[PDB]
Structures are given as C-alpha cells and as structure tokens.
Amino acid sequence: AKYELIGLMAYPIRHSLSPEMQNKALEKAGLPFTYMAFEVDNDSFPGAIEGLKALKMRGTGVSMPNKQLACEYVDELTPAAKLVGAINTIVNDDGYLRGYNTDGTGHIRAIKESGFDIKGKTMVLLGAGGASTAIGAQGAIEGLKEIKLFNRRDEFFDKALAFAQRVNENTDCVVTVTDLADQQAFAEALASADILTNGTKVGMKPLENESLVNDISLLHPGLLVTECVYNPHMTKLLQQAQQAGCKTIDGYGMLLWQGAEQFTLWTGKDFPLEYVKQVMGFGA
C-alpha cells in the first residue's frame, strides 16, 4: 500500500518490453514503485492524464499513438522534446507534469558511455521518424557540430525539413536534409562523418536483409556506427561496420539506456543495467 504506480499509456501494449524491464529493475533495488501497462488511445488519453494526477501516479511511459498528443498534456517539456514534438515519458512531480523523450537521451547516453565525445562531431542520420528526430534533437542539444540527415522522398521528408528548421533555428547545431537518392552526397557525407546512425526500419525484420549502405567501402574505420534496430540484434549494417573495423553500438544499447533514463527520472536511483541486461536475455 505504500507503492506509487508508474503506467505505460499506449495501444497496443502487447509487445512492450518496458513492463518487465522496469519492474525487474524496481524489484532488484527494492523500490516502492510498480509498473503497469494500460490500453490508452487518443480518445481516452485526456481522462488517463486526469487519472495520473488524481491517483497521484508517479508517471507513465507513453507510446503510439499518444506521443505527440501527450506534448499537449504536460506542464513542461525539455528543449530536446520541443524539437521533436513527441515524448515517451511523463514524470508526475507532485501534480506538476514534466515531459521527456528518453529515446534521444538514451541513444546519446549509450554513445557517451562507450567513451565517444559528442561535442563538435558530425553525424550522418538516416531517417526522420520517431527514433531519428529524437536522436538528432538530443545530439544537437549535446553539441553535435552538424547533422547530415538523409531521408528518402516519402511521408517523412517534409518532417525532416521542419525538424531541420526547428533544430537549426533553436540550436547552434547545423542540420541539412539530403535526399537519399543522391548517393554521392551520401558518399561525401559518410566520409566526413564521425558517426553513422540508422534510425530507419531498414535492418529490422522482415527487411532484415538490407542496409542503407550499399558498399562497405563507403564506411571508414574510426567511424562510429550506431543501430536503433534490436531485432535482429545483429543487423546487416552492423555486420558491415564490424567488417570495416568500425566501433559499434547495437539496438540493445539504446534500449537499455533509454530504460535507464526513465527509471532514474521516476526513482532518482541508478538503473541496474548489467543485471537487467542478463535478466531480459539481451546478452545472447
């Protein structure tokens, strides 16, 4: 009876790995919090937030299709989340709601944890969806000199443009958006890049048999390559990077660090990352 509730507001909720990860981390540390998932869409989201406040829930993770909508229900968003226009985390600080995007802080935390310094580097970002804008937003916020966002001409292209505009106009980070079709612009981008980051669905099943990088000669050792895809754990892009001497960061790195960021936001304590890693079976 002394535990606070932390939710997950989304629909569907069947395939989430947050519940087990947060709860196992919580048990390990013996903290007075319980994590539960709830089926919430755009129509019930407003009443769910009223519940969050009335019941004094500690917070809630947020997923499709409520991430953009949730931005309208918090009192405060971080500068990175305002760039993104979407949050996956809400923290209830005694009635005052703070909105965060731990996908961006997590991925950026995973990078730093490897001993890589973000400040002033050049990132070649593939995609402009939820993972990519969150990643680039935080990256800009933490000092990236430039971001060479490459996105095909699909339903996300204009999104890339506004994102670049927002990041450009609100940060000292220089973002350019280039059409993926221009392979030479891509070749020059990669050569000048310190980090290659895939935030697209390419690499994830069923498309598990492809990368946005046609030839490994396009990559150069010394380049750090990060992957958002965690299914499969070993993407084609990752294998290219490992077959080119590049240092790497897999999907599990972002997933675990992202979970950590949420955990600390809600508990104030450090996340037992190695433990959660083994317990969830992300080690093999």
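So that there is no doubt, residue numbering starts at 1 and follows the sequence shown.
Legend: mean Cα B-factor per stretch from the PDB entry, 240-248 versus 29-37; the higher mean is in 240-248. Here 102-110 and 123-131 are compared by their mean Cα B-factor, and 123-131 comes out higher.
Listed residues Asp75, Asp172, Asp93, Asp194 were ranked by CA B-factor as deposited; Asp172 comes out on top.
Of the candidates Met234, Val225, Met254, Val62, the deposited coordinates give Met234 the top C-alpha B factor. In the deposited entry, the Cα temperature factor of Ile13 sits in the top third of values across the chain's modelled residues.
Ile216 sits in the highest third of its chain by CA B factor, as recorded in the PDB entry. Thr89 sits in the lowest third of its chain by CA B factor, as recorded in the PDB entry. In the PDB entry, a CA B factor belonging to the lowest third of its chain's modelled residues is recorded for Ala80. Among all modelled residues in its chain, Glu20 ranks in the middle third by Cα B-factor.
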